[PDB]
Trainee: 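Starting off with a structure, shown below.
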Amino acid sequence: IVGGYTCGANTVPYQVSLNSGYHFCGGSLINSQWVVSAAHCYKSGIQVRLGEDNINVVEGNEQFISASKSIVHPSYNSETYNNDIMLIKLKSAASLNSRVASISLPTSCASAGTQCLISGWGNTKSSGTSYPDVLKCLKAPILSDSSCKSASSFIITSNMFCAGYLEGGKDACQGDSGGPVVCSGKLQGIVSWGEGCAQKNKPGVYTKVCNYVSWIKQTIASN
């Protein structure tokens, strides 16, 4: 996260870190047995780390659980990043508490102008590389599709939405992928892609979760 702030230990209880010997993506806990992330974060042998703040220090509230199965969206297109969403089922149910909680799925889609919270352990520099060990936070608004496309020239589908500041300076970045975008208490987006980080007229692009509620619910009910 670029231009954000230190969230504070466990203030984002649904935030998860996907670990394959090292942190490589974020994710969101939607219930005791399931986590949602981006399809481009797919990897074999994933260990889900919940209740994390400093990812390099055992602080006492962590739960390390291996993934039993991963399901990438049936129509995920790695070239355009369309349908960039994936579900991960935990080998065992997580213990829910004040530090580890689930985030609600949306009922309706969020509209332009709505403020959202984006979090992650990704790069903090727009130019250069500097990875934080503690969770970073960023409040950013949803931009209208027209405003986004006109300014960025990005090729976006109806399964994506932009959020951020056209003036630049604040944005998600590498390492934040798969992370949550929460607006009004609901998971409305997943950190998906963009052009560089925090650049002018180049806001972040996120997977529009409200378009996948049916798939998510049906998949978890049958698995």
Side-chain angles (χ1 to χ4, degrees), residues 1 6-74 76 78 81 83-105 118-124 129-137 172-182 187 189-193 206-207 209 212 215-216 219-223:
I1 299 192
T6 301
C7 308
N10 308 296
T11 49
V12 186
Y14 50 83
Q15 172 81 227
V16 317
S17 164
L18 299 189
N19 187 291
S20 61
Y22 49 91
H23 166 87
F24 69 87
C25 274
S28 303
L29 190 70
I30 57 174
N31 62 279
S32 64
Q33 305 167 306
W34 297 83
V35 165
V36 189
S37 187
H40 78 269
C41 284
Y42 168 81
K43 181 181 287 66
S44 178
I46 299 312
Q47 174 181 265
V48 182
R49 302 199 153 197
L50 304 84
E52 288 272 30
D53 187 42
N54 187 310
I55 43 67
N56 280 318
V57 184
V58 171
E59 293 179 290
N61 297 296
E62 306 100 328
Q63 289 182 53
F64 295 166
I65 309 170
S66 293
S68 59
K69 71 188 304 175
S70 298
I71 306 171
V72 171
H73 192 278
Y76 170 60
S78 68
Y81 272 18
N83 305 127
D84 189 16
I85 183 171
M86 162 187 83
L87 293 173
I88 301 173
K89 187 182 184 179
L90 311 179
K91 288 204 174 184
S92 54
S95 292
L96 303 185
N97 53 232
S98 57
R99 309 273 191 170
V100 181
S102 57
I103 185 67
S104 300
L105 292 182
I118 307 177
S119 52
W121 290 273
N123 190 0
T124 65
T129 296
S130 181
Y131 288 95
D133 297 315
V134 293
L135 192 67
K136 294 298 185 178
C137 276
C173 200
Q174 289 103 67
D176 290 328
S177 289
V181 179
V182 176
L187 179 68
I190 298 172
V191 180
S192 187
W193 61 282
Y206 304 86
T207 301
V209 180
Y212 302 92
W215 171 71
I216 295 179
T219 295
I220 58 181
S222 310
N223 288 280

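The chain is numbered in sequence order, starting from 1. Computed from heavy atoms alone, side chains included, the values below leave out hydrogens, waters and symmetry copies.
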Trainee: Rounded to the nearest 0.5 Å, what's the gap from SG on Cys137 to CD1 on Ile118? Could you check?
Mentor: 10.0 Å

Trainee: I'd like to check the side-chain hydrogen bond (donor to acceptor under 3.5 Å, both in side chains) partners of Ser66; sequence neighbours left out, ordered by chain and number.
Mentor: none

Trainee: According to side-chain contact (heavy atoms from CB on, under 4.5 Å), who are the partners of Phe24, at least two apart in sequence or on a separate chain?
Mentor: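 Residues passing side-chain contact (heavy atoms from CB on, under 4.5 Å) with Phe24: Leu18, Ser20, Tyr22, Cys41, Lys43, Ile46.
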
Trainee: I need the minimum non-hydrogen distance between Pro132 and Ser130, along with the two atoms involved.
Mentor: CD-O, 3.7 Å

Trainee: Kindly compute the distance separating CG (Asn10) from CG (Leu50), expressed to the nearest 0.5 Å.
Mentor: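 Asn10 atom CG to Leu50 atom CG measures 10.5 Å (nearest 0.5 Å).
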
Trainee: Side-chain contact test, heavy atoms from C-beta onward, threshold under 4.5 Å: evaluate it for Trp193 versus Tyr206 and give yes or no.
Mentor: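 No - every pair of side-chain heavy atoms lies 4.5 Å or more apart.
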
Trainee: Got a second to check how far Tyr14's OH is from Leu29's CG, nearest 0.5 Å?
Mentor: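 Between atom OH of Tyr14 and atom CG of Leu29 there are 11.5 Å.
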
Trainee: Does a side-chain heavy-atom distance below 4.5 Å link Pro180 with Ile103?
Mentor: no

Trainee: Could I get the full list of side-chain contact (heavy atoms from CB on, under 4.5 Å) partners for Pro13, not counting sequence neighbours?
Mentor: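 In terms of side-chain contact (heavy atoms from CB on, under 4.5 Å), with neighbours along the sequence ignored, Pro13 is linked to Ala101.
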
Trainee: Tell me the side chain to side chain donor-acceptor pair (under 3.5 Å) pairs involving residues 25-41, sequence neighbours left out?
Mentor: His40-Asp84, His40-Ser177

Trainee: Side-chain contact test, heavy atoms from C-beta onward, threshold under 4.5 Å: evaluate it for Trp215 versus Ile85 and give yes or no.
Mentor: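 Contact flag for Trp215/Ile85 side chains = yes.
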
Trainee: To the nearest 0.5 Å, what is the distance between CD1 (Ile220) and CG (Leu105)?
Mentor: 7.0 Å

Trainee: Report yes or no: do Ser119 and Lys136 form a side-chain donor-acceptor pair below 3.5 Å?
Mentor: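 Short answer, no.
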
Trainee: Got a second to check how far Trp121's CH2 is from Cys7's SG, nearest 0.5 Å?
Mentor: 8.5 Å

Trainee: Would you check if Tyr212 and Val36 make a side-chain contact, meaning some heavy-atom pair closer than 4.5 Å?
Mentor: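 In short, these two side chains do not touch, never coming nearer than 4.5 Å.
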
Trainee: Let me check something: any side-chain donor-acceptor pairs from residues 86-98 under 3.5 Å, sequence neighbours excluded? List them with distances.
Mentor:
unit_1 : atom_1 : unit_2 : atom_2 : d
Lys89  : NZ     : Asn223 : O      : 2.6

Trainee: Are any side-chain N or O atoms of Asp176 and backbone N or O atoms of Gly122, one a donor and one an acceptor, separated by less than 3.5 Å?
Mentor: yes

Trainee: Which heavy atom of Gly175 sits nearest a heavy atom of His23, and at what distance?
Mentor: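 Result for this residue pair: O-NE2, 3.2 Å.
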
Trainee: Please list all pairs meeting side chain to side chain donor-acceptor pair (under 3.5 Å) that have one or both residues in residues 47-65, counting only residues at least two apart or in different chains.
Mentor: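 Those involving residues 47-65 are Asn56-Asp133.
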
Trainee: To the nearest 0.5 Å, tell me how far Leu135 CG sits from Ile1 CD1.
Mentor: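 Interatomic distance, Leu135 CG to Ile1 CD1, rounded to 0.5 Å: 6.5 Å.
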
